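Trainee: Encoded as C-alpha coordinates, here's the structure I'll be asking about.
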Amino acid sequence: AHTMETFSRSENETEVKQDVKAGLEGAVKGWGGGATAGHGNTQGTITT
Amino acid sequence: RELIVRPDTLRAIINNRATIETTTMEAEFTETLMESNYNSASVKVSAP
(Lines give C-alpha, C1' and ligand atoms only; values in the text may rest on other atoms or scores of the structure.)
Protein backbone atom coordinates (compact mmCIF):
# COMPACT_ATOMS: atom_id res chain seq x y z
CA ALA A 1 0.00 0.00 0.00
CA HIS A 2 1.25 3.48 -0.85
CA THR A 3 -0.44 6.78 -0.01
CA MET A 4 0.77 10.25 -1.02
CA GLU A 5 -0.95 13.48 0.04
CA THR A 6 0.19 16.96 -0.96
CA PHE A 7 -1.33 20.24 0.22
CA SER A 8 -0.63 23.86 -0.68
CA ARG A 9 -2.22 27.12 0.44
CA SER A 10 -1.47 30.76 -0.40
CA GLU A 11 -3.04 33.77 1.31
CA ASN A 12 -2.30 37.33 0.21
CA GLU A 13 -3.83 40.45 1.72
CA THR A 14 -3.26 44.09 0.80
CA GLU A 15 -4.64 47.38 2.08
CA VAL A 16 -4.04 50.99 1.01
CA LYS A 17 -5.45 54.14 2.60
CA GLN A 18 -5.05 57.77 1.60
CA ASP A 19 -6.74 60.74 3.30
CA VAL A 20 -6.31 64.37 2.22
CA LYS A 21 -7.74 67.37 4.06
CA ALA A 22 -7.50 71.12 3.51
CA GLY A 23 -8.94 74.27 5.02
CA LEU A 24 -8.97 78.04 4.71
CA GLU A 25 -10.37 80.91 6.76
CA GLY A 26 -10.21 84.68 7.01
CA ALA A 27 -12.08 87.84 7.90
CA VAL A 28 -11.69 91.59 7.42
CA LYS A 29 -14.01 94.23 8.91
CA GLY A 30 -16.33 91.41 9.95
CA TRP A 31 -16.68 90.16 6.36
CA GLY A 32 -15.66 86.67 7.38
CA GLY A 33 -15.39 83.42 5.52
CA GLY A 34 -14.10 79.88 5.61
CA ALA A 35 -13.73 76.82 3.42
CA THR A 36 -12.80 73.16 3.85
CA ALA A 37 -12.23 70.16 1.60
CA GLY A 38 -11.50 66.47 1.97
CA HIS A 39 -10.81 63.31 0.02
CA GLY A 40 -10.37 59.64 0.83
CA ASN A 41 -9.33 56.44 -0.91
CA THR A 42 -9.22 52.92 0.56
CA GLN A 43 -8.40 49.84 -1.54
CA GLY A 44 -8.27 46.30 -0.17
CA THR A 45 -7.46 42.94 -1.74
CA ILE A 46 -7.66 39.34 -0.46
CA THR A 47 -6.46 36.46 -2.64
CA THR A 48 -6.59 32.85 -1.46
CA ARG B 1 -21.11 -14.20 -36.94
CA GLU B 2 -18.48 -16.67 -35.78
CA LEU B 3 -15.31 -16.00 -37.76
CA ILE B 4 -13.14 -18.89 -36.57
CA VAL B 5 -13.80 -22.51 -35.69
CA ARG B 6 -14.28 -23.30 -32.02
CA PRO B 7 -10.93 -24.57 -30.70
CA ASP B 8 -10.45 -27.60 -28.50
CA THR B 9 -8.34 -25.61 -26.02
CA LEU B 10 -6.94 -22.16 -25.33
CA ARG B 11 -3.39 -20.94 -24.75
CA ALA B 12 -3.39 -18.90 -21.55
CA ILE B 13 -1.19 -17.52 -18.80
CA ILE B 14 -2.23 -16.68 -15.25
CA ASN B 15 -1.94 -13.18 -13.79
CA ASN B 16 -3.63 -12.30 -10.49
CA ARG B 17 -1.81 -9.08 -9.55
CA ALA B 18 -4.80 -7.02 -8.50
CA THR B 19 -4.40 -3.25 -8.27
CA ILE B 20 -6.53 -0.50 -6.74
CA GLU B 21 -5.71 3.13 -7.50
CA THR B 22 -7.54 6.21 -6.21
CA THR B 23 -6.69 9.83 -7.03
CA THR B 24 -8.38 12.89 -5.52
CA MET B 25 -7.63 16.49 -6.49
CA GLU B 26 -9.18 19.59 -4.94
CA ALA B 27 -8.53 23.21 -5.87
CA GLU B 28 -9.97 26.40 -4.39
CA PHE B 29 -9.52 30.04 -5.30
CA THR B 30 -10.99 33.17 -3.71
CA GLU B 31 -10.49 36.81 -4.66
CA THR B 32 -11.98 39.75 -2.74
CA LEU B 33 -11.67 43.37 -3.89
CA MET B 34 -12.70 46.37 -1.80
CA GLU B 35 -12.74 50.07 -2.66
CA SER B 36 -14.13 53.17 -0.99
CA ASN B 37 -14.07 56.93 -1.46
CA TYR B 38 -15.29 60.01 0.34
CA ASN B 39 -15.35 63.67 -0.65
CA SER B 40 -16.20 66.58 1.63
CA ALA B 41 -16.61 70.30 1.06
CA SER B 42 -17.65 73.01 3.51
CA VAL B 43 -18.13 76.70 2.74
CA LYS B 44 -19.04 79.65 4.94
CA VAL B 45 -19.53 83.34 4.20
CA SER B 46 -20.06 86.10 6.72
CA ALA B 47 -20.86 89.80 7.09
CA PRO B 48 -22.22 91.96 9.95
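Going by the C-alpha coordinates order, chains are called A, B, ..., each with residues numbered from 1, while ligands are numbered from 1 in the order shown.
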Find the residues in chain A near chain B: any atom within 6 Å counts, using only C-alpha atoms. Write them as a PyMOL selection string.

Mentor: chain A and resi 30-48

Trainee: If you run DSSP on this backbone, which residues of chain A come out as strand (DSSP E or B), and could you give them as number ranges by chain?

Mentor: A: 12-28, 31-47
